[PDB]
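In: sharing an experimental structure here, sequence included.
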Amino acid sequence: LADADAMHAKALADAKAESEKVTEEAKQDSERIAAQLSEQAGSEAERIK
Amino acid sequence: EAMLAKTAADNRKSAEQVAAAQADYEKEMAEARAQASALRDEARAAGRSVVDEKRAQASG
């Protein structure tokens, strides 16, 4: 039971840390996608002009 | 007899506790994957809207 409590604690801590890290990584991916997509939109505007 | 019953209950409860801690681990993995997929989806959707309105402005 003590080992299971320790496993629960460490697993919860690692889950929170990994979830936070991957959530922020997915964020950064989202902003990078948005930036490159705005760049593509600007290039399309230049092409249209 | 109470100690024997409590030991059996502790064994079962710790087995289901490790099972549920693991299940919570995959559950939050799936949760994080879902939020990452969302973030990406709405980001690209906003990009679609912005590029479409830029195309409209360029056309006009």
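Out: Arrived safely. Numbers count the residues shown, from 1 in each chain, chains lettered A, B, ... in the order given.

In: show me which residues of chain A are close to chain B?
Out: Residues of chain A lying near chain B by C-beta under 8 Å from any C-beta of the partner chain: A:1, A:4, A:7-8, A:11-12, A:15, A:18-19, A:22-23, A:25-27, A:29-31, A:33-34, A:37-38, A:40-42, A:44-45, A:48-49. Every C-beta, even on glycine, is put in place using the N, C-alpha and C of the backbone.

In: buried among the residues you listed? Need that as a selection in ChimeraX.
Out: To isolate the buried ones among the residues of chain A next to chain B in ChimeraX, judged by 16 or more other C-beta atoms under 10 Å in any protein chain shown, type:
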select /A:4,8,11,15,19,23,26,30,33,34,37,41
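
In: looking at the residues of chain A next to chain B, which are in strands?
Out: Using DSSP state E, no member of the residues of chain A next to chain B falls within strands.

In: can you show me the strands along chain B?
Out: Counting by DSSP E, no segments of chain B form strands.

In: helices along that one, start to end?
Out: Taking DSSP state H as the test, the helices found in chain B are B:2-59.

In: now chain A
Out: A:2-48.

In: grab the most central residue of it for me.
Out: Nearest to the mean C-alpha position of chain A, by C-alpha atoms, centre = their mean, lies residue A:26 at 1.7 Å.

In: what does stretch B:39-54 contact?
Out: A:23, A:26-27, A:29-31, A:33-34, A:37-38, A:40-42, A:44-45 (C-beta atoms under 8 Å, 6 or more residues apart in numbering or on different chains).

In: make sure residue A:22 is actually in contact with residue B:31.
Out: No - between residue A:22 and residue B:31 there is no contact under C-beta atoms under 8 Å: 10.3 Å.

In: many thanks, have a good one.
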